[PDB]
Amino acid sequence: XXXXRXXX
Amino acid sequence: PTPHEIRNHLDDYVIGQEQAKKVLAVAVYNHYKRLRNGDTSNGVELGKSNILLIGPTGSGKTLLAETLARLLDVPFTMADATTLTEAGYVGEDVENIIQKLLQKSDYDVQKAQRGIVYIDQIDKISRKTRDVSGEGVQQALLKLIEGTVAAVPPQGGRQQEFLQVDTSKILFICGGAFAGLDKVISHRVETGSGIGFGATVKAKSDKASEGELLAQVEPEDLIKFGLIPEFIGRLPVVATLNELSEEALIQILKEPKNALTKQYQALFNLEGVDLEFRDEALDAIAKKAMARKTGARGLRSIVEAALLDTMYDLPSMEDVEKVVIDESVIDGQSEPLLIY
Amino acid sequence: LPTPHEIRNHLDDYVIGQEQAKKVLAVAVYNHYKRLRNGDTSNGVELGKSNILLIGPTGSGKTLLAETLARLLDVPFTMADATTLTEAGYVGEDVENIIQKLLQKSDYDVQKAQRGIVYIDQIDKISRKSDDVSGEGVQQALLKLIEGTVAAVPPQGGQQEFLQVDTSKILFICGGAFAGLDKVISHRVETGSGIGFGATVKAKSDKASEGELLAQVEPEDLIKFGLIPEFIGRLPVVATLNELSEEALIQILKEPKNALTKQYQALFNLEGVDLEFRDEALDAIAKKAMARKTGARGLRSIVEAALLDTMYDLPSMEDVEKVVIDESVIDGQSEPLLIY
Ligand SMILES: Nc1ncnc2c1ncn2[C@@H]1O[C@H](COP(=O)(O)OP(=O)(O)OP(O)(O)=S)[C@@H](O)[C@H]1O
Ligand SMILES: Nc1ncnc2c1ncn2[C@@H]1O[C@H](COP(=O)(O)OP(=O)(O)O)[C@@H](O)[C@H]1O
C-alpha cells in the first residue's frame, strides 16, 4: 500500500 | 496515403512544427508500406519503423495524434501510462489497451493489427514496500514493442478462449514532455567554456534554450533519465517539436474555429452586446504568453486577467452596444473604451 | 549442437573488425553449453563456470555480439545497466531487480532460465573511489551472485509462493569501457612517457590504435583502476576490442546483411524503384561519426536527417526509377540527383 523508503 | 496531402491536412489543425510533420509522414508511410507488400525482401530483419515524440508542454502532441486518427481510416487509441499498474493490480493492466483497440476496430483482427498506438506522459514510468507504476511498466510494454502474440478474451470471457492477435505489425507512438531533459543534454553539448581572450564566452542563454537542443539528442542521454536502453533501441526515430512561435499565436486565435476570441464573443452575444479584438491587441498578447512558458494552454490567463474589470462592470453598465479593446488594455494602464 | 567455426561465421556476418573476440566468445559459449547438456553424469562433478569480461571502446559492438548471439542461440537475453545500482538498500537500486529481468523474457522458466545469458554495461562506473554506496561496496554484493546461488522470484508477479532458480549455470558477460586505462598499462609494460622531451608524446591519438596495448592487459593492472582482485578472479576470460576504423564503417554498411544501406534498398524494391549508395558518400559519414565521438551508434542520425526530404517526396514523385547520393549531399550543400 504505502512504502516508507528512506536512506541515511 | 500521400505525404504531401497528410501534411496539408495537419497544417489546418497544427501550426509551428514543420519539421515534425515531415518526420511523421515518412514513418507513417513506411509503417504501412511494409505491412501490405513488405517482408518479401532479399535482406532480412527490416527494421520496424516507430515514432518517439518529444516536446514541451502545450506543444500540440495530443492534437497531432488526434488529427491523425480523424484523417486516417484505421482506428486509433489514446492510452496513457498514468494509471498503468502491472501484474493485474487494482488500478489497471496493460492488457486492457489491446482490448480498447478492438473496440475501436469492432473486433476486427485483420483491421486491428494495422492500427496505431499512442501513449502520453511516458516520463512518469521512469525508474526510481513495493513499486507498481515504476520500472515494472517498462517490462510489460517492452514485450509489446519487440514483438509478441498475446491472449485477450473476446467479449471478456463468457471456455477460456483467447485471441492470438499479433503485435509486431501494430505501430506505437511513445510521446510525453520530458522534464529535466535539458540539463543532461547541456553537459554534453556545452563541453566547458574558455577563460582567455581568444576563447568565446557564452551568454546567459544562447544555445541552452529548449529549441535547437532536442534535435541533437542521442539514445544514451535518455538512459540517464531512467528509461531502459532496450526500450529506446526499438525506436530509432525521434521527433523534436519547437516550443512556439510569435506568429502562430496570432493565427491560433483567428483561424481555428475554437479560438478563445470566438469563445468570449458568443458569451457576450447572448447578452445583446458586441465584442471586438484589434490586431494590435493580438500581437501584444503573444509577447506575454511566451514569457509564461506554458504554451497555448496558459493563454486564457492573459485574456481573463484583462477582461476581469470589463466583464464585472459590464452587467451594471447600460447602452454599451459595442466594446473595443485597445493595445493599452493588455498593458492594464488604460481601461477599454466603450461604444454607445 | 553448433561449433566454434559455425558460430564464428554467423558472428562474422553481423560483426567485423573483431577477430580475437569471436574466438573467445565462441569457445566460451561452446564449452559453457556443453556442460549443460552433459550435466554432471561423468566422473567429474560440480563443473565450474567460466565467466566473460569484455573491455573495449564505446560503440565498438560489445552489445551487438551479445544480441546477435541470442538470436542464433535462441536463449533468453537481458541488457542490464550497473549505473543505477546502489549498495544494498539505498535509494537508487538493489541487485534483486536483475534476477527478475532475465525471467521476464518468457515469464515462466524452471529448467530454461538457468541456461540464459546476461549483459552488464558501464562496469567501470563502480570503480572503488579512494578519497561508499557507488564504489567498492557494490562489487562485494555481486561476488555471491556470479558464483551461483538461488533467489526467490514471484513468477509473473502473481499463490503464497516463490520459485527458486539457480544461477551457477547462468553465464554472465560484464561489458564496459575503461577510459584512461592506457596510461596505467603504458608505464607498466611499454614505456613511461607522454610528458617528457625524449618521451613519446601522445601524437597517435587516431593515427595508431590503442588496442594493441590493451591486448597486453592483465588483472594486476585492473586493481589499480579500482576493481577488487576477488571480483576479477571470478571472470578469468578476457576479451579486448581494438578500435573502430573508417574503412570498417564502409564495410559495416556493405558486408553485413542487416546494414542500414540495405534496408532502404529493400524498402524501394517493392515500390519498383532502384536505390544506390556510392563509395564517395560513405567515407563522409565516417568523418562525421568520429567527429561526434559516438562511433556507429550515432549513424542513423546522419542518414535519416539526409534522406528526410527524399523519402517525403518519393511517393509524390512519379516516373523515378533510380536515386543517386553524392558526398556534397551529406554535407547539406547539394540535393541528391534523380533519374527518370
Ligand atoms: N499546435 C497547436 N496548434 C493550435 N492550437 C494548439 C496547438 N497546441 C496546443 N494548442 C491549444 O492548446 C490546447 C491544449 O493543447 P494540448 O495538445 O492538449 O497540449 P499538450 O502539450 O499536448 O498537453 P500535454 O502536455 O500532452 S498533457 C488545444 O486545445 C489548443 O487550443
Ligand atoms: N560490426 C558492426 N556492424 C554493425 N553495427 C555495429 C557494429 N559494431 C557496432 N555496431 C553498432 O553499435 C551499436 C551498439 O553499440 P554497443 O556495442 O552497445 O556500444 P558499447 O560497446 O559501448 O556497449 C549498435 O546499434 C550497432 O548497430
# chains A, B, ... in the order shown; residues from 1 in each chain; ligands from 1
$ interface_residues --of "chain A" --to "chain C" --cutoff "12 Å" --atoms "only C-alpha atoms" --output "VMD selection string"
chain A and resid 4 to 8
$ write_last_selection --atoms "N, CA, C and O atoms" --output "mmCIF file, in the first residue's frame"
data_model
loop_
_atom_site.group_PDB
_atom_site.id
_atom_site.type_symbol
_atom_site.label_atom_id
_atom_site.label_comp_id
_atom_site.auth_asym_id
_atom_site.auth_seq_id
_atom_site.Cartn_x
_atom_site.Cartn_y
_atom_site.Cartn_z
ATOM 1 N N UNK A 4 7.534 3.141 2.822
ATOM 2 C CA UNK A 4 8.357 4.061 3.607
ATOM 3 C C UNK A 4 9.812 3.714 3.313
ATOM 4 O O UNK A 4 10.427 2.902 4.008
ATOM 5 N N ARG A 5 10.366 4.340 2.279
ATOM 6 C CA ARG A 5 11.738 4.102 1.843
ATOM 7 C C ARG A 5 12.568 5.353 2.087
ATOM 8 O O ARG A 5 12.315 6.400 1.484
ATOM 9 N N UNK A 6 13.550 5.237 2.980
ATOM 10 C CA UNK A 6 14.439 6.332 3.334
ATOM 11 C C UNK A 6 15.846 5.782 3.506
ATOM 12 O O UNK A 6 16.032 4.638 3.928
ATOM 13 N N UNK A 7 16.836 6.606 3.158
ATOM 14 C CA UNK A 7 18.243 6.234 3.244
ATOM 15 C C UNK A 7 19.027 7.350 3.913
ATOM 16 O O UNK A 7 18.866 8.524 3.564
ATOM 17 N N UNK A 8 19.871 6.981 4.871
ATOM 18 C CA UNK A 8 20.690 7.948 5.592
ATOM 19 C C UNK A 8 21.801 8.480 4.695
ATOM 20 O O UNK A 8 22.828 7.826 4.510
#
$ residues_around --residues "residue 182 in chain B" --least-positions-apart "6" --cutoff "8 Å" --atoms "only C-alpha atoms" --output "PyMOL selection string"
chain B and resi 208+210+213-214
$ write_last_selection --atoms "N, CA and C atoms" --output "mmCIF file, in the first residue's frame"
data_model
loop_
_atom_site.group_PDB
_atom_site.id
_atom_site.type_symbol
_atom_site.label_atom_id
_atom_site.label_comp_id
_atom_site.auth_asym_id
_atom_site.auth_seq_id
_atom_site.Cartn_x
_atom_site.Cartn_y
_atom_site.Cartn_z
ATOM 1 N N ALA B 208 21.249 27.180 -24.968
ATOM 2 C CA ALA B 208 20.682 26.385 -23.888
ATOM 3 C C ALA B 208 19.160 26.395 -23.878
ATOM 4 N N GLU B 210 15.256 25.496 -25.084
ATOM 5 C CA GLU B 210 14.640 24.221 -25.442
ATOM 6 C C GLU B 210 14.719 23.988 -26.945
ATOM 7 N N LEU B 213 17.888 22.130 -29.058
ATOM 8 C CA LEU B 213 18.575 21.329 -28.053
ATOM 9 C C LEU B 213 18.187 19.862 -28.099
ATOM 10 N N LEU B 214 16.952 19.563 -28.494
ATOM 11 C CA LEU B 214 16.460 18.197 -28.579
ATOM 12 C C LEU B 214 16.813 17.529 -29.899
#
$ interface_residues --of "chain C" --to "chain B" --cutoff "9 Å" --atoms "only C-alpha atoms" --output "ChimeraX atom specification"
/C:78-81,83-84,91-93,101,104-105,156-158,257-260,262-267,269-271,297-298,300-301,304,308-309,311-316
$ write_last_selection --atoms "N, CA and C atoms" --output "compact mmCIF listing (two decimals), in the first residue's frame"
# COMPACT_ATOMS: atom_id res chain seq x y z
N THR C 78 19.12 -10.51 -21.65
CA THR C 78 18.76 -9.27 -20.98
C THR C 78 19.93 -8.31 -21.05
N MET C 79 19.63 -7.01 -20.99
CA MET C 79 20.63 -5.94 -21.06
C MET C 79 20.48 -5.04 -19.84
N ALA C 80 21.21 -5.38 -18.78
CA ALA C 80 21.20 -4.63 -17.53
C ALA C 80 22.30 -3.58 -17.51
N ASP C 81 22.04 -2.49 -16.80
CA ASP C 81 22.98 -1.39 -16.64
C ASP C 81 23.31 -1.23 -15.16
N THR C 83 24.87 1.43 -13.77
CA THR C 83 24.99 2.81 -13.28
C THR C 83 24.00 3.08 -12.14
N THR C 84 22.75 2.64 -12.30
CA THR C 84 21.72 2.85 -11.29
C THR C 84 22.00 2.07 -10.01
N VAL C 91 18.57 4.40 -2.09
CA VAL C 91 17.51 4.97 -2.93
C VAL C 91 17.61 4.51 -4.38
N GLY C 92 18.82 4.39 -4.92
CA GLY C 92 18.94 4.12 -6.35
C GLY C 92 18.44 2.76 -6.81
N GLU C 93 18.97 1.67 -6.26
CA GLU C 93 18.55 0.35 -6.75
C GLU C 93 19.05 -0.74 -5.80
N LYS C 101 14.56 -9.67 -14.20
CA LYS C 101 14.70 -9.24 -15.59
C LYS C 101 14.90 -10.41 -16.54
N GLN C 104 11.79 -12.34 -17.02
CA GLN C 104 10.83 -11.53 -17.77
C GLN C 104 10.81 -11.82 -19.27
N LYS C 105 11.83 -12.48 -19.83
CA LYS C 105 11.81 -12.76 -21.26
C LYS C 105 10.65 -13.68 -21.62
N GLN C 156 5.65 -14.17 -12.60
CA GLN C 156 4.67 -13.27 -13.21
C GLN C 156 4.18 -12.19 -12.24
N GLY C 157 4.65 -12.18 -10.99
CA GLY C 157 4.20 -11.22 -10.01
C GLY C 157 2.97 -11.67 -9.24
N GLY C 158 2.25 -12.66 -9.76
CA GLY C 158 1.05 -13.17 -9.13
C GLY C 158 -0.16 -12.34 -9.52
N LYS C 257 24.49 -8.23 -43.76
CA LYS C 257 23.22 -8.32 -44.47
C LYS C 257 22.19 -7.37 -43.88
N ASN C 258 22.31 -7.05 -42.59
CA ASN C 258 21.40 -6.14 -41.92
C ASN C 258 21.91 -4.70 -41.92
N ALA C 259 22.75 -4.34 -42.89
CA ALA C 259 23.26 -2.98 -42.96
C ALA C 259 22.12 -2.01 -43.25
N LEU C 260 22.28 -0.77 -42.77
CA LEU C 260 21.25 0.24 -42.98
C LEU C 260 21.10 0.58 -44.46
N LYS C 262 21.24 -1.46 -46.89
CA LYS C 262 20.42 -2.50 -47.49
C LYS C 262 18.96 -2.41 -47.08
N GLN C 263 18.65 -1.81 -45.92
CA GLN C 263 17.25 -1.70 -45.52
C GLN C 263 16.50 -0.77 -46.46
N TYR C 264 17.07 0.40 -46.75
CA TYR C 264 16.43 1.32 -47.67
C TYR C 264 16.35 0.73 -49.07
N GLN C 265 17.35 -0.06 -49.46
CA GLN C 265 17.33 -0.70 -50.77
C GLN C 265 16.13 -1.63 -50.90
N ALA C 266 15.84 -2.38 -49.83
CA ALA C 266 14.71 -3.30 -49.83
C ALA C 266 13.38 -2.57 -49.70
N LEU C 267 13.38 -1.39 -49.08
CA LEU C 267 12.15 -0.63 -48.92
C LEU C 267 11.58 -0.23 -50.27
N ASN C 269 12.35 -1.68 -53.21
CA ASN C 269 12.22 -2.78 -54.17
C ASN C 269 10.76 -3.09 -54.44
N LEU C 270 9.94 -3.16 -53.39
CA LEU C 270 8.51 -3.40 -53.60
C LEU C 270 7.86 -2.22 -54.29
N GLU C 271 8.39 -1.01 -54.08
CA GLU C 271 7.86 0.18 -54.72
C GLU C 271 8.18 0.22 -56.21
N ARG C 297 26.99 4.17 -33.19
CA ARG C 297 25.69 4.45 -32.60
C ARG C 297 25.09 5.74 -33.15
N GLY C 298 25.92 6.74 -33.43
CA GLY C 298 25.45 8.00 -33.97
C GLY C 298 25.45 8.02 -35.48
N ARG C 300 22.52 6.58 -37.53
CA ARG C 300 21.19 6.79 -38.08
C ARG C 300 20.81 8.27 -38.12
N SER C 301 21.32 9.06 -37.18
CA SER C 301 21.02 10.49 -37.17
C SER C 301 21.51 11.17 -38.44
N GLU C 304 19.15 9.37 -41.56
CA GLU C 304 17.75 9.79 -41.57
C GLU C 304 17.60 11.29 -41.78
N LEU C 308 15.50 12.68 -45.29
CA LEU C 308 14.16 13.10 -44.89
C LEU C 308 13.42 13.74 -46.06
N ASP C 309 14.11 14.59 -46.82
CA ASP C 309 13.48 15.25 -47.96
C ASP C 309 13.18 14.26 -49.08
N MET C 311 12.77 10.90 -48.96
CA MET C 311 11.73 9.94 -48.62
C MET C 311 10.35 10.59 -48.60
N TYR C 312 10.26 11.82 -48.10
CA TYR C 312 8.97 12.50 -48.04
C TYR C 312 8.42 12.77 -49.43
N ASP C 313 9.29 13.08 -50.39
CA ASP C 313 8.88 13.40 -51.75
C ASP C 313 8.88 12.21 -52.70
N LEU C 314 9.40 11.05 -52.28
CA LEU C 314 9.42 9.91 -53.19
C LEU C 314 8.03 9.40 -53.57
N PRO C 315 7.06 9.27 -52.66
CA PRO C 315 5.73 8.82 -53.11
C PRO C 315 5.07 9.82 -54.04
N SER C 316 5.19 11.11 -53.73
CA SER C 316 4.62 12.15 -54.57
C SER C 316 5.23 12.12 -55.97
$ atom_distance --atom1 "CA of residue 147 in chain B" --atom2 "CA of residue 116 in chain C"
19.5 Å
$ residues_around --residues "residue 179 in chain B" --least-positions-apart "2" --cutoff "9 Å" --atoms "only C-alpha atoms" --output "PyMOL selection string"
chain B and resi 56+123+177+181-182
$ residues_near_ligand --ligand "ligand 2" --cutoff "6 Å" --atoms "only C-alpha atoms and all ligand atoms" --output "compact mmCIF listing (two decimals) with C-alpha atoms, in the first residue's frame"
# COMPACT_ATOMS: atom_id res chain seq x y z
CA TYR C 14 26.84 -9.31 -38.23
CA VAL C 15 30.15 -8.20 -36.65
CA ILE C 16 33.51 -7.32 -38.19
CA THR C 58 32.35 2.81 -26.67
CA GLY C 59 30.11 1.83 -29.57
CA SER C 60 32.53 -0.95 -30.56
CA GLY C 61 29.79 -3.58 -30.98
CA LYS C 62 30.03 -5.09 -27.49
CA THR C 63 26.24 -5.20 -27.17
CA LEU C 64 25.82 -6.43 -30.75
CA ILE C 252 29.72 -2.16 -41.84
CA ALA C 296 28.47 3.54 -35.04
CA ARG C 297 25.69 4.45 -32.60
$ residues_near_ligand --ligand "ligand 1" --cutoff "8 Å" --atoms "only C-alpha atoms and all ligand atoms" --output "NGL selection string"
:B and (13-17 or 55-64 or 120-121 or 176-177 or 248 or 252 or 256 or 258-260 or 295-297)
$ write_last_selection --atoms "C-alpha atoms" --output "mmCIF file, in the first residue's frame"
data_model
loop_
_atom_site.group_PDB
_atom_site.id
_atom_site.type_symbol
_atom_site.label_atom_id
_atom_site.label_comp_id
_atom_site.auth_asym_id
_atom_site.auth_seq_id
_atom_site.Cartn_x
_atom_site.Cartn_y
_atom_site.Cartn_z
ATOM 1 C CA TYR B 13 -5.097 21.930 -37.126
ATOM 2 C CA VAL B 14 -1.403 22.269 -36.144
ATOM 3 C CA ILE B 15 0.970 25.213 -36.635
ATOM 4 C CA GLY B 16 4.601 25.872 -35.731
ATOM 5 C CA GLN B 17 6.062 22.372 -36.318
ATOM 6 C CA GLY B 55 8.301 18.319 -26.836
ATOM 7 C CA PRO B 56 7.405 20.855 -24.140
ATOM 8 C CA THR B 57 4.003 21.434 -22.587
ATOM 9 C CA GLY B 58 1.256 22.747 -24.835
ATOM 10 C CA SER B 59 3.263 21.687 -27.895
ATOM 11 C CA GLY B 60 0.197 20.084 -29.502
ATOM 12 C CA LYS B 61 1.233 16.443 -29.099
ATOM 13 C CA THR B 62 -2.347 15.416 -28.302
ATOM 14 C CA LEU B 63 -3.617 17.440 -31.263
ATOM 15 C CA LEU B 64 -1.210 15.814 -33.724
ATOM 16 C CA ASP B 120 1.080 10.213 -23.260
ATOM 17 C CA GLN B 121 3.007 11.020 -20.072
ATOM 18 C CA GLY B 176 5.497 12.886 -23.481
ATOM 19 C CA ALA B 177 7.122 16.032 -22.130
ATOM 20 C CA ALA B 248 1.474 31.110 -34.648
ATOM 21 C CA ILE B 252 -4.398 30.254 -33.310
ATOM 22 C CA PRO B 256 -9.227 27.976 -35.627
ATOM 23 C CA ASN B 258 -12.269 27.057 -31.345
ATOM 24 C CA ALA B 259 -10.201 30.212 -30.817
ATOM 25 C CA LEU B 260 -10.539 31.920 -27.448
ATOM 26 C CA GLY B 295 2.032 27.289 -24.215
ATOM 27 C CA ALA B 296 -1.398 27.792 -25.686
ATOM 28 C CA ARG B 297 -2.905 26.122 -22.615
#
$ residues_around --residues "residue 276 in chain B" --least-positions-apart "5" --cutoff "8 Å" --atoms "only C-alpha atoms" --output "ChimeraX atom specification"
/B:265,322-325
$ closest_atom_pairs --of "chain B" --to "chain A" --cutoff "10 Å" --atoms "only C-alpha atoms" --output "CSV"
residue,atom,partner,partner_atom,distance
B:129,CA,A:3,CA,4.4
B:130,CA,A:3,CA,6.4
B:131,CA,A:3,CA,8.1
B:132,CA,A:1,CA,9.8
$ write_last_selection --atoms "N, CA, C and O atoms" --output "PDB file, in the first residue's frame"
ATOM      1  N   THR B 129       7.781  -0.690   0.431  1.00  0.00           N
ATOM      2  CA  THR B 129       7.014  -1.922   0.310  1.00  0.00           C
ATOM      3  C   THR B 129       7.095  -2.484  -1.104  1.00  0.00           C
ATOM      4  O   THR B 129       7.438  -3.651  -1.291  1.00  0.00           O
ATOM      5  N   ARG B 130       6.783  -1.656  -2.101  1.00  0.00           N
ATOM      6  CA  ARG B 130       6.820  -2.095  -3.491  1.00  0.00           C
ATOM      7  C   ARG B 130       6.546  -0.914  -4.408  1.00  0.00           C
ATOM      8  O   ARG B 130       6.010   0.116  -3.990  1.00  0.00           O
ATOM      9  N   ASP B 131       6.932  -1.091  -5.671  1.00  0.00           N
ATOM     10  CA  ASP B 131       6.754  -0.108  -6.733  1.00  0.00           C
ATOM     11  C   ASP B 131       5.867  -0.751  -7.788  1.00  0.00           C
ATOM     12  O   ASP B 131       6.204  -1.819  -8.313  1.00  0.00           O
ATOM     13  N   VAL B 132       4.747  -0.103  -8.100  1.00  0.00           N
ATOM     14  CA  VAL B 132       3.763  -0.634  -9.030  1.00  0.00           C
ATOM     15  C   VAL B 132       3.788   0.095 -10.369  1.00  0.00           C
ATOM     16  O   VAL B 132       3.727  -0.544 -11.422  1.00  0.00           O
TER      17      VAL B 132
END
$ select_by_dssp --residues "range 70-286 of chain C" --states "helix (DSSP H, G or I)" --output "VMD selection string"
chain C and resid 70 to 73 96 to 103 123 to 126 136 to 147 155 to 157 181 to 190 211 to 215 219 to 225 229 to 233 246 to 252 260 to 269 279 to 286
$ atom_distance --atom1 "CA of residue 129 in chain C" --atom2 "CA of residue 85 in chain C"
15.4 Å
$ atom_distance --atom1 "CA of residue 69 in chain C" --atom2 "CA of residue 5 in chain C"
13.9 Å
